């Protein structure tokens, strides 16, 4: 049926094609997924947006990168949260978008919540931003007007649509920055070295946070921990939690003019005596040692977290991935050989871990190339 190019969108880790000395978030140690899709004749682009920023801030950045222009976070939103209204300036990867072009988004991890929110803003705008604009006589980003539907279909991989319990870990703060550290390591990048090039830009202009000359990432992360991008409600950290994801689900709905596709991942085995889930062999070392124990055993009746939630891919509960449920009116149906419009098409669950699926961690039985080509083909169908 269609011609749409594909835009790749990372999660709460992630970086541009030139960052990390060319080590690709999409493809990691296996290769360059964008290159493969392009070689195969599927036109593909990569967005880079603040890994730790809220989905709102991320969707605003994404809008700017796509159509070109200066990031506008909304004057009501920036006033409420205490950060800059305008951010950086982009050329635009897809100027055709201005004349009725369309796209497909392939989104990993938190990128899936962002892709959802982008769609919902494009279609509906923000009532709150429209009113704050009229009321204080300031300018409004066209992102907030509504009526701008240009995303034809959204595909999510290992997305915490309902939040992930990782956030409830007692040392979640130190362990989450340890993961940024791990993803760094997998790119042959030290955390105790004060690099002179950017390497990994967290894109915190709006918070006025930037890494300093002679500052290592270890040192940078300590500061980040104490900044509003870790401690405010306007953070990846918040939209990632269970209550945070459910809040997003209350206003971020499936558009009827988009097709939605979900892929779940798992890398655990159930223990028969405990009913706990444990990391399979070959699961990435950091999630194996640090995150998966906790994820496979944390229950919390007040949060409605029971045995359903224990299966996981090393970072996100598997139950969370098939589509938003908590606080949502979206429909989820299992893939029947056809992609239905306006609902979540549950493409099933793959025995792959969170970082193996984008190839950041090796997995020789996972045929990452055929995986992505099949996705590309399905989107074109």
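Positions refer to the first chain, counted from 1.
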*Mean temperature factor over C-alpha atoms, higher-scoring stretch between 182-190 and 83-91*: 182-190
_Mean Cα B-factor comparison, 353-361 or 369-377, giving the higher one as deposited_ = 369-377
*Which one, 111, 160, 244, 213, has the peak C-alpha temperature factor per the PDB entry?*
213
*Tell me, please, which of 248, 140, 115, 295 has the highest C-alpha B factor according to the deposited entry?*
140
*residue 45 - which third its CA temperature factor falls in, relative to the rest of the chain*: middle
*Chain thirds of CA B-factor: placement of residue 340*: highest
*Mind checking which third residue 77 falls in for C-alpha B-factor across the chain?*
lowest
*Would you mind ranking residue 150 by its C-alpha B-factor against the rest of the chain and naming the third, lowest, middle or highest?*
highest
*Sorting the chain's modelled residues by C-alpha B-factor, tell me whether residue 11 ends up in the lowest, middle or highest third.*
lowest
